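The residues making up each chain are set out below.
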Amino acid sequence: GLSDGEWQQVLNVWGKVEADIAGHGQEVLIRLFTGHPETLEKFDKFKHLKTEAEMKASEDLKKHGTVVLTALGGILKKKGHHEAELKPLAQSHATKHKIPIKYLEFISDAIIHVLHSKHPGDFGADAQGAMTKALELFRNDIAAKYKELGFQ
Ligand code: HEM
């Protein structure tokens, strides 16, 4: 649950992402894959990537980064009223991709890391607080659907 002022911070930060969605999406996935190499094994189309240089050179990884952040941005713009947008993603990630909630924690922290890396000194403590709360809400509502499905 976020206040109006917190949502305003989230959507202000998101403007930074929308200026370069592919570059942000690429770096988020690279941070996930290099920090948590077990996550790469869930992607049949990226498991061939052995080095970060190959990851950086992969145009399909940048494409998928655009898909991921476009979906997340659509959810964030609903300011919590995201049941219709979130349900299909919860279902596909639990039942088809088999993504444990832990990996959603990993990618949430990766987003925070990338924002500081690309905007050092321009991602203030209030903005980090609000973005963190928004990603916690996203993860918590996914977790509720995971529990319904019995997925661990
Ligand atoms: C912010 C969190 C995430 C968002 C918004 C997101 C979004 C998406 C979307 C929109 C798709 C394509 C449609 C679909 O299959 O539902 C997708 C596919 C997929 N996601 Fe995610 N995802 C997220 C996190 C993760 C994480 C953490 C993992 C694994 C560590 C993951 C694994 C996958 C896989 C394996 C696919 C299929 C890729 C393919 O072969 O095309 N997702 N995701």
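Rules and cut-offs
Residues numbered from 1 in each chain as written, not as in the entry; some residues may be left out. Heavy atoms only, no water. UniProt positions renumbered as here; feature names shortened; annotations may be inferred. Helix = DSSP H or I, 4+ residues; strand = E, 2+ residues; numbered from the N terminus. Contact = heavy atoms within 4.5 Å. Near = heavy atom within 4 Å. Polar contact = N/O pair within 3.5 Å; in protein donor to acceptor, adjacent residues only side chain to side chain. Nonpolar A, V, L, I, M, F, W, Y, C, P; charged D, E, K, R; others polar. Buried < 20%, exposed > 50% of the residue type's maximum accessible area, 1.4 Å probe, protein only.

Under the PDB entry, the chain has the name Myoglobin and belongs to Equus caballus. Each PDB entry has a title, and for this one the record gives "Multicopy-refined carboxymyoglobin photolysis time series at 23 mJ/cm2 laser fluence, 661 fs time delay". What the UniProt record of the chain gives under Subunit is the line "Monomeric." As recorded by UniProt, the Sequence similarities comment attached to the chain reads in full: "Belongs to the globin family."

### Concerning the UniProt feature "binding site: heme b" in the chain
As annotated in UniProt, the feature "binding site: heme b" corresponds to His-93 in the numbering used here. Tracing the backbone shows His-93 in helix α5 (residues 83-96). If we ignore the near neighbours within four places in the chain, the residues touching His-93 are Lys-98, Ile-99 and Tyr-146.

### Quick look at the site of the ligand
Taken together, 17 residues lie around the ligand, and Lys-42, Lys-45, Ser-92, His-93 and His-97 are the ones closest in. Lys-45 is positioned such that a nitrogen or oxygen atom in its side chain is 3.2 Å from an oxygen atom of the ligand. Between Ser-92 and the ligand, the recorded distance is 2.7 Å, taken from a side-chain N or O atom to an oxygen atom. Only α4 (59-76), α5 and α6 (101-118) provide two or more residues apiece to the shell around the ligand. When the residues that make up the shell around the ligand are grouped by side-chain class, the tally is ten nonpolar, five polar and two charged.

### As for unusual backbone geometry
Of note, the phi angle at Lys-79 is positive, near 50°, even though the residue is not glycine. Along the chain, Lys-79 falls in the loop between α4 and α5. A relative accessible area of 40% means that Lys-79 is categorised as partly exposed. Despite not being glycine, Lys-98 has its phi angle at roughly 60°, a positive value. By the element assignment, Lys-98 lies in the loop between α5 and α6.

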